[PDB]
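One file, target-v4.txt, is given below (compact mmCIF, C-alpha atoms).
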# COMPACT_ATOMS: atom_id res chain seq x y z
CA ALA Q 231 148.70 -113.17 62.08
CA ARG Q 232 145.74 -111.47 60.42
CA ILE Q 233 143.71 -114.67 59.94
CA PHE Q 234 143.53 -117.51 62.47
CA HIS Q 235 142.62 -120.85 60.88
CA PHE Q 236 141.62 -124.11 62.54
CA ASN Q 237 139.57 -127.26 61.97
CA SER Q 238 136.97 -129.09 64.03
CA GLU Q 239 139.44 -131.93 64.61
CA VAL Q 240 140.76 -130.06 67.66
CA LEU Q 241 137.25 -130.28 69.16
CA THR Q 242 137.81 -134.04 69.51
CA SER Q 243 140.54 -133.29 72.08
CA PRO Q 244 139.85 -131.42 75.35
CA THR Q 245 143.42 -130.14 75.73
CA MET Q 246 143.40 -128.79 72.19
CA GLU Q 247 139.91 -127.39 72.77
CA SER Q 248 141.09 -125.30 75.72
CA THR Q 249 144.27 -124.29 73.89
CA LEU Q 250 142.23 -123.34 70.82
CA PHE Q 251 139.88 -121.12 72.81
CA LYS Q 252 142.79 -119.39 74.56
CA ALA Q 253 144.46 -118.85 71.18
CA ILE Q 254 141.20 -117.46 69.78
CA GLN Q 255 140.99 -114.96 72.65
CA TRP Q 256 144.61 -113.94 72.03
CA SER Q 257 144.07 -113.56 68.28
CA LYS Q 258 140.86 -111.56 68.70
CA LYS Q 259 142.67 -109.28 71.16
CA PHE Q 260 145.30 -108.39 68.54
CA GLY Q 261 142.74 -107.86 65.77
CA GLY Q 262 142.99 -111.12 63.83
CA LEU Q 263 140.16 -112.88 62.04
CA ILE Q 264 139.00 -116.39 62.94
CA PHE Q 265 138.64 -118.85 60.06
CA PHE Q 266 136.65 -121.96 60.97
CA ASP Q 267 137.15 -124.65 58.32
CA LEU Q 268 134.90 -127.38 59.70
CA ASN Q 269 136.24 -130.60 58.11
CA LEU Q 270 134.11 -132.86 60.30
CA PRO Q 271 136.02 -136.02 61.29
CA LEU Q 272 134.43 -139.49 61.46
CA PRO Q 273 133.09 -139.19 65.06
CA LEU Q 274 131.32 -135.88 64.35
CA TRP Q 275 128.98 -137.45 61.76
CA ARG Q 276 127.12 -139.63 64.28
CA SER Q 277 124.14 -137.32 64.80
CA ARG Q 278 123.29 -133.70 64.13
CA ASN Q 279 122.38 -132.46 67.61
CA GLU Q 280 125.52 -133.64 69.41
CA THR Q 281 127.73 -132.14 66.69
CA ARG Q 282 125.82 -128.84 66.85
CA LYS Q 283 126.32 -128.67 70.62
CA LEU Q 284 129.99 -129.61 70.23
CA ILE Q 285 130.72 -126.98 67.55
CA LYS Q 286 128.41 -124.18 68.74
CA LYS Q 287 131.09 -122.29 70.70
CA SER Q 288 133.74 -122.45 67.97
CA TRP Q 289 131.07 -121.64 65.38
CA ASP Q 290 130.13 -118.47 67.26
CA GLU Q 291 133.81 -117.58 67.75
CA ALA Q 292 134.48 -117.48 63.99
CA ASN Q 293 134.35 -114.61 61.50
CA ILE Q 294 134.87 -116.77 58.39
CA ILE Q 295 133.40 -120.26 58.06
CA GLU Q 296 133.84 -122.78 55.24
CA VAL Q 297 131.64 -125.87 55.12
CA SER Q 298 130.98 -128.43 52.43
CA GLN Q 299 127.48 -128.94 51.04
CA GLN Q 300 127.23 -132.25 52.90
CA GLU Q 301 128.44 -130.65 56.14
CA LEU Q 302 125.90 -127.83 55.93
CA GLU Q 303 123.02 -130.15 55.05
CA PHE Q 304 123.97 -132.50 57.90
CA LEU Q 305 124.08 -129.54 60.29
CA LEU Q 306 120.64 -128.27 59.19
CA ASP Q 307 118.65 -131.29 57.94
CA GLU Q 308 119.88 -134.19 55.80
CA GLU Q 309 116.52 -135.83 55.09
CA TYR Q 310 114.77 -132.62 54.02
CA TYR Q 311 117.37 -131.76 51.39
CA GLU Q 312 117.62 -135.37 50.24
CA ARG Q 313 113.85 -135.35 49.69
CA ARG Q 314 114.03 -131.99 47.92
CA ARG Q 315 116.73 -133.31 45.57
CA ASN Q 316 114.72 -136.44 44.73
CA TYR Q 317 111.48 -134.57 43.97
CA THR Q 318 110.17 -134.88 40.41
CA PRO Q 319 106.94 -133.25 39.18
CA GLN Q 320 104.21 -135.68 38.20
CA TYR Q 321 102.86 -134.04 35.04
CA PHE Q 322 104.96 -131.14 33.72
CA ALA Q 323 107.91 -129.00 34.73
CA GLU Q 324 107.42 -125.50 36.10
CA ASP Q 325 109.97 -124.10 33.62
CA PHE Q 326 111.99 -125.35 30.67
CA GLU Q 327 115.33 -125.54 32.50
CA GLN Q 328 113.73 -128.09 34.86
CA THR Q 329 113.10 -130.40 31.88
CA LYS Q 330 116.84 -130.97 31.29
CA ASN Q 331 117.31 -133.12 34.43
CA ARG Q 332 120.53 -131.25 35.18
CA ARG Q 333 122.61 -131.75 38.31
CA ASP Q 334 121.14 -130.03 41.35
CA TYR Q 335 122.97 -126.85 42.35
CA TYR Q 336 120.42 -125.65 44.90
CA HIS Q 337 121.35 -122.34 46.53
CA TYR Q 338 120.29 -122.21 50.17
CA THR Q 339 118.37 -119.10 51.15
CA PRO Q 340 119.69 -116.95 54.02
CA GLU Q 341 116.45 -117.84 55.83
CA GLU Q 342 117.58 -121.48 55.81
CA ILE Q 343 121.05 -120.38 56.97
CA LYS Q 344 119.54 -118.28 59.78
CA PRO Q 345 119.96 -120.97 62.50
CA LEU Q 346 123.71 -121.05 61.81
CA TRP Q 347 124.16 -117.26 61.50
CA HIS Q 348 125.52 -115.03 64.25
CA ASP Q 349 126.63 -111.43 64.67
CA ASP Q 350 130.41 -111.75 64.17
CA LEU Q 351 130.10 -113.83 60.98
CA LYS Q 352 131.52 -111.81 58.08
CA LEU Q 353 131.51 -114.51 55.39
CA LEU Q 354 130.18 -118.06 55.10
CA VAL Q 355 131.21 -120.19 52.11
CA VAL Q 356 129.48 -123.44 51.18
CA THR Q 357 131.48 -125.47 48.66
CA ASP Q 358 130.03 -128.15 46.40
CA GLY Q 359 133.50 -129.29 45.50
CA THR Q 360 134.93 -126.87 42.98
CA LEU Q 361 131.65 -126.84 41.02
CA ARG Q 362 129.76 -124.39 43.25
CA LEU Q 363 130.84 -121.82 45.85
CA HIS Q 364 127.82 -120.52 47.76
CA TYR Q 365 128.81 -117.42 49.73
CA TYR Q 366 126.80 -115.63 52.42
CA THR Q 367 127.53 -112.25 54.01
CA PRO Q 368 125.40 -110.11 56.34
CA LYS Q 369 124.56 -107.86 53.37
CA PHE Q 370 124.28 -110.21 50.38
CA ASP Q 371 124.52 -113.81 49.21
CA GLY Q 372 125.15 -115.65 45.98
CA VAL Q 373 126.92 -118.49 44.21
CA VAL Q 374 130.11 -118.68 42.15
CA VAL Q 375 129.85 -121.17 39.30
CA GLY Q 376 132.95 -123.32 38.93
CA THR Q 377 133.93 -126.54 37.17
CA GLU Q 378 136.19 -129.56 37.43
CA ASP Q 379 137.99 -131.92 35.08
CA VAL Q 380 139.76 -134.91 36.59
CA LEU Q 381 139.02 -137.02 33.49
CA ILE Q 382 141.55 -134.88 31.59
CA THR Q 383 144.26 -136.83 33.47
CA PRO Q 384 142.64 -140.13 34.53
CA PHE Q 385 145.92 -141.69 35.71
CA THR Q 386 147.24 -138.83 37.88
CA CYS Q 387 144.00 -137.31 39.21
CA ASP Q 388 143.52 -137.29 42.98
CA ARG Q 389 141.03 -135.12 44.84
CA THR Q 390 142.92 -135.14 48.16
CA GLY Q 391 143.87 -131.62 49.23
CA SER Q 392 141.42 -129.83 46.91
CA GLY Q 393 139.43 -128.25 49.73
CA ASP Q 394 142.69 -127.19 51.35
CA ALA Q 395 143.60 -125.42 48.11
CA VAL Q 396 140.19 -123.72 47.98
CA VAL Q 397 140.48 -122.52 51.59
CA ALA Q 398 144.07 -121.35 51.03
CA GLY Q 399 143.00 -119.40 47.95
CA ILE Q 400 140.15 -117.82 49.91
CA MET Q 401 142.57 -116.73 52.64
CA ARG Q 402 145.12 -115.51 50.07
CA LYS Q 403 142.55 -113.27 48.41
CA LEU Q 404 141.05 -112.15 51.74
CA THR Q 405 144.36 -110.98 53.20
CA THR Q 406 145.11 -108.80 50.16
CA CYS Q 407 141.57 -107.70 49.16
CA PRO Q 408 139.65 -106.24 52.12
CA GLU Q 409 136.88 -105.15 49.72
CA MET Q 410 135.84 -108.81 49.36
CA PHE Q 411 133.77 -108.59 52.55
CA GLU Q 412 131.78 -105.61 51.22
CA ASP Q 413 131.68 -105.92 47.40
CA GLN Q 414 129.78 -108.80 45.81
CA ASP Q 415 131.36 -108.53 42.35
CA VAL Q 416 134.86 -108.34 43.84
CA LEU Q 417 134.01 -111.30 46.09
CA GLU Q 418 132.98 -113.45 43.11
CA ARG Q 419 136.02 -112.38 41.09
CA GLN Q 420 138.37 -113.32 43.93
CA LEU Q 421 136.54 -116.59 44.65
CA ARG Q 422 137.12 -117.68 41.05
CA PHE Q 423 140.82 -117.71 42.00
CA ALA Q 424 140.13 -120.23 44.77
CA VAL Q 425 138.02 -122.25 42.32
CA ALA Q 426 140.99 -122.44 39.94
CA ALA Q 427 143.33 -123.37 42.80
CA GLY Q 428 141.02 -126.21 43.78
CA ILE Q 429 140.76 -127.36 40.16
CA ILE Q 430 144.53 -127.63 39.68
CA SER Q 431 144.97 -129.42 43.02
CA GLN Q 432 142.85 -132.34 41.73
CA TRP Q 433 145.35 -133.14 38.95
CA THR Q 434 148.15 -134.67 41.05
CA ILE Q 435 148.53 -137.66 43.35
CA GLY Q 436 149.12 -136.40 46.87
CA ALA Q 437 147.83 -133.30 48.63
CA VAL Q 438 151.14 -131.55 49.34
CA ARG Q 439 152.70 -132.70 46.07
CA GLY Q 440 149.95 -131.20 43.93
CA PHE Q 441 149.36 -127.80 45.52
CA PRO Q 442 149.36 -125.15 42.76
CA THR Q 443 151.40 -121.98 42.62
CA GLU Q 444 149.92 -118.51 42.20
CA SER Q 445 151.10 -118.21 38.60
CA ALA Q 446 149.53 -121.50 37.52
CA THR Q 447 146.31 -120.72 39.40
CA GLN Q 448 145.98 -117.30 37.76
CA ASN Q 449 146.76 -118.83 34.36
CA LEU Q 450 144.05 -121.47 34.77
CA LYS Q 451 141.58 -118.87 36.03
CA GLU Q 452 142.17 -116.73 32.95
CA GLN Q 453 141.96 -119.76 30.65
CA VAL Q 454 138.73 -121.18 32.10
CA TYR Q 455 136.72 -117.98 32.50
CA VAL Q 456 135.85 -115.36 29.89
CA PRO Q 457 137.87 -112.12 30.25
CA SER Q 458 134.87 -110.18 31.58
CA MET Q 459 134.71 -112.56 34.57
CA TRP Q 460 138.32 -111.95 35.66
CA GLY K 209 56.23 -115.24 42.58
CA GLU K 210 55.37 -115.54 46.27
CA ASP K 211 53.71 -118.90 45.52
CA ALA K 212 57.14 -120.25 44.49
CA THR K 213 59.07 -119.18 47.60
CA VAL K 214 61.33 -121.80 49.19
CA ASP K 215 59.09 -122.10 52.26
CA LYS K 216 56.38 -123.55 50.00
CA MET K 217 58.83 -126.14 48.63
CA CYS K 218 58.15 -129.82 49.35
CA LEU K 219 61.70 -131.21 49.50
CA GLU K 220 61.68 -133.05 52.82
CA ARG K 221 63.56 -136.06 51.46
CA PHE K 222 66.12 -133.72 49.91
CA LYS K 223 66.41 -131.94 53.27
CA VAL K 224 67.15 -135.27 54.98
CA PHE K 225 69.75 -135.97 52.29
CA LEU K 226 71.23 -132.50 52.86
CA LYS K 227 71.55 -132.97 56.63
CA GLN K 228 73.13 -136.41 56.21
CA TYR K 229 75.49 -135.04 53.55
CA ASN K 230 76.52 -132.18 55.83
CA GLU K 231 77.17 -134.59 58.70
CA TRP K 232 79.26 -136.82 56.43
CA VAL K 233 81.19 -133.82 55.08
CA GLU K 234 81.99 -132.53 58.56
CA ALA K 235 83.05 -136.01 59.68
CA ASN K 236 85.17 -136.92 56.63
CA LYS K 237 86.48 -133.56 55.35
CA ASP K 238 90.00 -133.78 56.79
CA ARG K 239 90.57 -137.49 56.07
CA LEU K 240 89.81 -136.97 52.38
CA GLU K 241 92.35 -134.13 52.20
CA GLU K 242 94.95 -136.28 53.97
CA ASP K 243 94.31 -139.14 51.54
CA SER K 244 94.58 -136.76 48.58
CA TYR K 245 97.92 -135.47 49.87
CA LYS K 246 99.13 -139.03 50.47
CA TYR K 247 98.11 -140.48 47.10
CA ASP K 248 98.41 -137.50 44.72
CA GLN K 249 101.87 -135.93 44.82
CA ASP K 250 100.94 -133.02 42.54
CA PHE K 251 97.68 -131.22 41.79
CA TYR K 252 96.06 -131.63 38.38
CA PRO K 253 92.62 -130.69 37.04
CA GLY K 254 90.30 -133.44 38.22
CA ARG K 255 92.18 -133.95 41.49
CA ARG K 256 90.92 -132.79 44.87
CA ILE K 257 91.34 -129.06 45.43
CA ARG K 258 93.42 -128.98 48.62
CA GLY K 259 95.66 -126.67 50.61
CA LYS K 260 95.19 -122.92 50.40

Output the file's structure as structure tokens, nothing else.
Amino acid sequence: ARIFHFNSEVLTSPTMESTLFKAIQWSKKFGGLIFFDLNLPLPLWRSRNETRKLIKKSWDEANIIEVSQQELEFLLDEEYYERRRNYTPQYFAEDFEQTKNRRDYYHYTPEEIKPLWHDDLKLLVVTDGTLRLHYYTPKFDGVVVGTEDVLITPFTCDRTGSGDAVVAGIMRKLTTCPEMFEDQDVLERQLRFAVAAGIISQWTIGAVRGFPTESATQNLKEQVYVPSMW
Amino acid sequence: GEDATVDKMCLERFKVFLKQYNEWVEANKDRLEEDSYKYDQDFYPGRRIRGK
């Protein structure tokens, strides 16, 4: 295996914790990459500090990390970002685009990500559903603009398994495109594939039942984006 | 000229006002800034000039 993938659910079991760390040592010995897809279960949302202490070791043992926007904001500070989202200027906006009252797509600075950064981290992806894919690397950072349409099929739409599709698309492009870790344009182009995979996965009832194929995902990626973005 | 130098000024009442004003300013300077930050979310001309 070239990528080793696991979730934070195993951290709720001591036996699986020890087995996971042994498996991580084995995989790192043979040259594999560690993919930490957090997916915080119900117990791990109780408070920030206990979860940080619980996940610190696995966080530092990972080369690739995927967190949701809610997971990242919980891990750093929920109240601060909630206050920042709710802020409205009293008299006038600082620029015109702030007058439209658009949905907030705030891109966290690497300075804010600094507490969660470590030396072996090659890529961190923050996902606001399929709408935004904030990526951070030791050299650069940015955001991939995506979309979603579950109202196109109101009677078959189901969001279960969408993040699994996004993570699977990320791994699929990472295993075949090593230049993703070093090229920003290539990274965005390949992350649009995962965005499309997540979009299709929302159109079917059931996670396993609605997982897209590569052909359909590439077709949707080419349909949604302009040809210069492929 | 030298007959209008500040030492020849007769402003003793104004000097008492100045010393009392300076005492009040030193005593109340920070509380006014805190109140301005608490009550006025954003700065506008006419508001208290605060911060940097």

Would you kindly return, as a list in words, each protein, DNA or RNA residue with an atom no farther than 12 Å from any atom of residue 409 (chain Q), considering all atoms listed in the file and excluding same-chain residues fewer than 6 positions away? residues 352, 403, 415, 416, 417, 418, 419 and 420 of chain Q

Which polymer residues have any atom within 9 Å of an atom of residue 422 (chain Q), counting all atoms listed in the file, with same-chain residues fewer than 3 positions away left out, as a PDB file with C-alpha atoms, in the coordinates of the input?
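Result file result34.pdb:
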ATOM      1  CA  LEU Q 363     130.840-121.820  45.850  1.00  0.00           C
ATOM      2  CA  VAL Q 374     130.110-118.680  42.150  1.00  0.00           C
ATOM      3  CA  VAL Q 375     129.850-121.170  39.300  1.00  0.00           C
ATOM      4  CA  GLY Q 376     132.950-123.320  38.930  1.00  0.00           C
ATOM      5  CA  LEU Q 417     134.010-111.300  46.090  1.00  0.00           C
ATOM      6  CA  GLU Q 418     132.980-113.450  43.110  1.00  0.00           C
ATOM      7  CA  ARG Q 419     136.020-112.380  41.090  1.00  0.00           C
ATOM      8  CA  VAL Q 425     138.020-122.250  42.320  1.00  0.00           C
ATOM      9  CA  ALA Q 426     140.990-122.440  39.940  1.00  0.00           C
ATOM     10  CA  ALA Q 427     143.330-123.370  42.800  1.00  0.00           C
ATOM     11  CA  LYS Q 451     141.580-118.870  36.030  1.00  0.00           C
ATOM     12  CA  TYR Q 455     136.720-117.980  32.500  1.00  0.00           C
ATOM     13  CA  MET Q 459     134.710-112.560  34.570  1.00  0.00           C
ATOM     14  CA  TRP Q 460     138.320-111.950  35.660  1.00  0.00           C
TER      15      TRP Q 460
END

Compute the set of chain Q residues within 12 Å of chain K, using only C-alpha atoms, and express it as a compact mmCIF listing (two decimals) with C-alpha atoms, keeping the file's coordinate frame.
# COMPACT_ATOMS: atom_id res chain seq x y z
CA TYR Q 317 111.48 -134.57 43.97
CA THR Q 318 110.17 -134.88 40.41
CA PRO Q 319 106.94 -133.25 39.18
CA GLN Q 320 104.21 -135.68 38.20
CA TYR Q 321 102.86 -134.04 35.04
CA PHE Q 322 104.96 -131.14 33.72
CA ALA Q 323 107.91 -129.00 34.73
CA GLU Q 324 107.42 -125.50 36.10

Near-residue 295 (chain Q) list (7 Å; only C-alpha atoms; drop same-chain fewer than 5 positions) as a ChimeraX atom specification: /Q:265-267,353-355

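Between CA of residue 399 (chain Q) and CA of residue 424 (chain Q) the interatomic distance comes to 4.4 Å.
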
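If you measure from each of Q:296, Q:280, Q:290, Q:309 to residue 366 (chain Q) using only C-alpha atoms, the closest one turns out to be Q:296.
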
If we count all atoms listed in the file and set the cut-off at 10 Å, which residues sit around residue 370 (chain Q), ignoring sequence neighbours fewer than 6 positions away in its own chain? Please answer as a ChimeraX atom specification. /Q:340,353,411-414

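Using all atoms listed in the file, the nearest neighbour of residue 253 (chain Q) within the list Q:231, Q:430, Q:435, Q:272 is Q:231.
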